[PDB]
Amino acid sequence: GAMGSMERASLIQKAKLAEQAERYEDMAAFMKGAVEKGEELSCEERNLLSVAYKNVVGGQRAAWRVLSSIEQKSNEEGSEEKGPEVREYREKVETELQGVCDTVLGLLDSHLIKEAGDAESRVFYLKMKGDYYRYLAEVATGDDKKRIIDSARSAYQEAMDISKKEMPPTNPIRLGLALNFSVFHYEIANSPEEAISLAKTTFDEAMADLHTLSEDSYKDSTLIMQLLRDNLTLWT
């Protein structure tokens, strides 16, 4: 690790600076270095890790979709052959995306998840594991596509089971997990009815628990509840 010589606290400080500078590749590298110090992550640190890699892989996914769209048009009946270049460059971006996903999954497996005992940390990491298998699934086409999908499903399901036992229905981690597992059902598992059921039930159970919350907790929960509603509106 090229971050092995830097203090853990310095890596966290520089991750925050990189975020302010919109240098998310640097942010992710700093937070990978922090994880590799071997200590558990605090709540703030877990969110720095997720923000960094979400921004990195989000850009890769956007680029991959642009290139895949160009590639599909290039292979429509009537198009002018233009050689291997579109496929080659889509493959290049795809391989870099898979690399980032494998890096995140590696951090979760070595050893964030196994040391995570509290619901807020364990659900958070298992949600990440589902998310990064989901991004691998978006680009998968080979002998392993079904196994990648099932790895995402399995991680999301373990996270769901813990969240329903250990967190209130308005907990923002529980809500964001349900949001993303619902999108997994719709976009990856070809299960739109499951996606809609999950989003609606999550929204309704959260609504009924809002009365227990402070103003600041209410704002956090209703923000994610609006995303659930947004998707339901998209899908119905």
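All residue numbers are counted from 1 along the displayed sequence. In this text, the rigid core denotes the largest set of C-alpha atoms whose superposition between the two forms falls within 1.5 Å.
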Task: Segment of greater CA departure in 9 other deposited structures of this protein, 62 to 70 or 206 to 214, core superposed - done: 206 to 214
Task: Unmodelled in at least a third of other entries of this protein, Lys82 - done: yes
Task: Selected stretch [higher average CA B-factor]: 68 to 76 or 87 to 95 - done: 68 to 76
TODO: Can you let me know which of the two, 216 to 224 or 8 to 16, has the higher average C-alpha B-factor in the entry?
DONE: 216 to 224
Open item on the list: Comparing recorded Cα B-factors across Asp102, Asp131, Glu158, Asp144, which one is largest?
Closed with: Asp144
TODO: Going by the recorded CA B-factors, say which third of the chain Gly176 sits in, lowest, middle or highest.
DONE: lowest
Task: CA B-factor placement of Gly33, once the chain's modelled residues are sorted into thirds - done: lowest
Open item on the list: Splitting the chain's C-alpha B-factors into thirds, which one does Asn190 fall into?
Closed with: highest
Task: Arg153, C-alpha B-factor rank within chain (lowest, middle or highest third) - done: lowest
TODO: Could you tell me which third, lowest, middle or highest, the C-alpha B-factor of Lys127 occupies within its chain?
DONE: lowest
